[PDB]
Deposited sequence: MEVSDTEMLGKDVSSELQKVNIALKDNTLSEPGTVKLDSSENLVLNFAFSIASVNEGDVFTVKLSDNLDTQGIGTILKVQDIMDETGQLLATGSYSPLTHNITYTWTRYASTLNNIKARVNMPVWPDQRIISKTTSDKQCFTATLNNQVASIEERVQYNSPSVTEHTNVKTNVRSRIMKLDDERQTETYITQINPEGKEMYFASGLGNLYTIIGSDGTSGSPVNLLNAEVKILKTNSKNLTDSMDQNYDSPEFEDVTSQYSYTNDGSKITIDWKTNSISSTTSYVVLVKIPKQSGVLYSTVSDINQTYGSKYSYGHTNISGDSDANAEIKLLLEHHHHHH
């Protein structure tokens, strides 16, 4: 930036991070659709078209949650006209606002914004026992708040004849493509999984309760890794050396309502975990995943929902 960033000329600047909407202030429950709230305000005597100002967030804070939209809401004046448009950058964790031609015609502009912000699931990708520090800066004013970040734990069954564990999550909603990504972790706990003789192979069934979800066009990818490489948000680099693509090894059936994967064994070792990624058009409905027999009579089941 050589010039034109007007953040240093803003007056009466205020900025704050708040957690009033959390069910239990002190902890953000990312699997209970919780988030923090950012607000800021200022005045500015005049601006030029194309000038910018920047709201800086800490590296562990984003404007997205599970979304993919970079735009943030426009800033409007009292007449309902547009003062500035803005966008979030994954690179810098900054929100950059650009003043409009309309704004450049005014004098004594007031700006005020409220928006949700989330602990970034790619950065704080696992449940934390201790509080994390979240900050935002606008010129010389800074806000901070501390919160633990919590994700749900896996479903586990540990009996003599059946040992299973599983977890799933809708971890991405793509705005442009109108899709959702539903990820299933098989053996996220890194334990022995087992069905005793007479109980058949271990299977993973992916379906919906309500089956309102259409899976006919699902894109399915299956990866193998050690559990120590798995995050709780499931938003991680799946192209890394720690993951092997085994999609071709484990064929599946799909009747449009259920996807059934035969693991081809009654035993999965503690050091073997699988991740099944299912991408489908965005749809309302609660999806579930299992590690079970084909009839979902025994084993484990985890559910995760979404509403348009």
query	finding
Deposited-sequence stretches lacking C-alpha coordinates, listed in sequence order	1-7, 218-220, 319-340
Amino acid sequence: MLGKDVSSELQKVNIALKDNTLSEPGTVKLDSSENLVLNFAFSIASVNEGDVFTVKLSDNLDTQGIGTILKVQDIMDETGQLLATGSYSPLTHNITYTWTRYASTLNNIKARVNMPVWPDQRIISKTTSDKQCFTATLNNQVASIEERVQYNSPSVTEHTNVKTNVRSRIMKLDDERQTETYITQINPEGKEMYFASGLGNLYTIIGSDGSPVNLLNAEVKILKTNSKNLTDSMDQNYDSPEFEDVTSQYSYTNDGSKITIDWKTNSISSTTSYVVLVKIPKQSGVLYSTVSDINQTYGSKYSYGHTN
From here on, numbers count along this sequence of modelled residues.
{"property": "Per the entry, higher mean C-alpha B factor between 95-103 and 119-127", "result": "95-103"}
{"property": "Stretch with the higher entry mean CA B-factor, where the candidates are 7-15 and 289-297", "result": "7-15"}
{"property": "Most elevated Cα B-factor in the entry, residues 89, 181, 79, 135", "result": "79"}
{"property": "Residue with highest C-alpha B-factor in the PDB entry, from 233, 144, 208, 225", "result": "208"}
{"property": "Entry-reported Cα temperature factor of residue 65, expressed as the chain third it lands in", "result": "lowest"}
{"property": "Relative C-alpha B-factor of residue 85, binned into the chain's lowest, middle or highest third", "result": "middle"}
{"property": "Ranked against its chain, the third holding the CA B-factor of residue 44", "result": "highest"}
{"property": "Assigned third (lowest, middle, highest) for the C-alpha B factor of residue 155", "result": "middle"}
{"property": "Record-listed C-alpha B factor of residue 109: chain third", "result": "highest"}
